[PDB]
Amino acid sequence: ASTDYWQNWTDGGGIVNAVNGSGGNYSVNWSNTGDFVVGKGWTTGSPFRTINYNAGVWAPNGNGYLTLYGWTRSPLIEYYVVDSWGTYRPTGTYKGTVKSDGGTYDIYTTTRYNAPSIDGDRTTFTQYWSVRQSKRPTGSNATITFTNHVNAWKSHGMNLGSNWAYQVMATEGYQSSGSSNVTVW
C-alpha cells in the first residue's frame, strides 16, 4: 500500500541524516545522537493493518531499534513491535508472549516519566511492547500482522486508546550511530 506519512523527529542531538525516498523507501545515517525517530507509514493507524517492509540496510553501531511504531490518544500510549535492535534489547515488565509472522515475541509494558510525547511538551505515559526473542534477519520481505499483537496485548489488559495517531515502520536511536535503509508498504 502507499504510505502517506513521513516521520522525522529528533531532539536535536548529533547528526541525523534522514532521507525521504521514493514511494515507501527511506534511509537514515546517524551519529552521536540524542533520541530520534524516523520512518514511513500511515497518518492514521489501524489495529487491522498488516505492515510489510524490507530493511535493505540495518547497521546500528549502538542502541537502535527497527520497529513498528505508533501512538494512540485517550489514553496516550506509545507502542512498539520490535523486530531487530542494536546493542541493547528493549525490555520491561514481562506480560507474556505472542507468536506472529514466524517469530515469537515477548510482551512488555513500561512507563515514561516527564518525557516528550506526540503532542509536544512533556508528560507521563505508558508504552506497550512486543519484542522479538531473537533478531529478525533483514534484507528480506517481512510482514508484521499487527492484529495478532493487538489481540495478545488485549488479553493482558493492555488496551490501546480510541484516537489513533500515526503508525510507521521506524528506525529509532538513542545516543548512538549507524545506518538503515527501509522500504515500507
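Sequential numbering from 1, following the sequence displayed.
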task = Name the higher of the two by mean Cα B-factor in the PDB entry, 82 to 90 versus 110 to 118.
result = 110 to 118
message = Mean CA temperature factor from the deposited coordinates, higher in 165 to 173 or in 7 to 15?
response = 7 to 15
task = Between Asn141, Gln127, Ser155, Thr67, let me know which has the highest C-alpha B-factor in the entry?
result = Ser155
query = Between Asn29, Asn148, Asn54, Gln133, which one tops the list for C-alpha B-factor in the PDB entry?
reply = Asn29
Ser2 - which third its CA temperature factor falls in, relative to the rest of the chain = highest
CA B-factor placement of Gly34, once the chain's modelled residues are sorted into thirds = middle
message = Could you place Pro137 in the lowest, middle or highest third of its chain by Cα temperature factor, using the values in the record?
response = middle
inquiry  = Where does the C-alpha B-factor of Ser46 rank in its chain, lowest, middle or highest third?
reply    = lowest
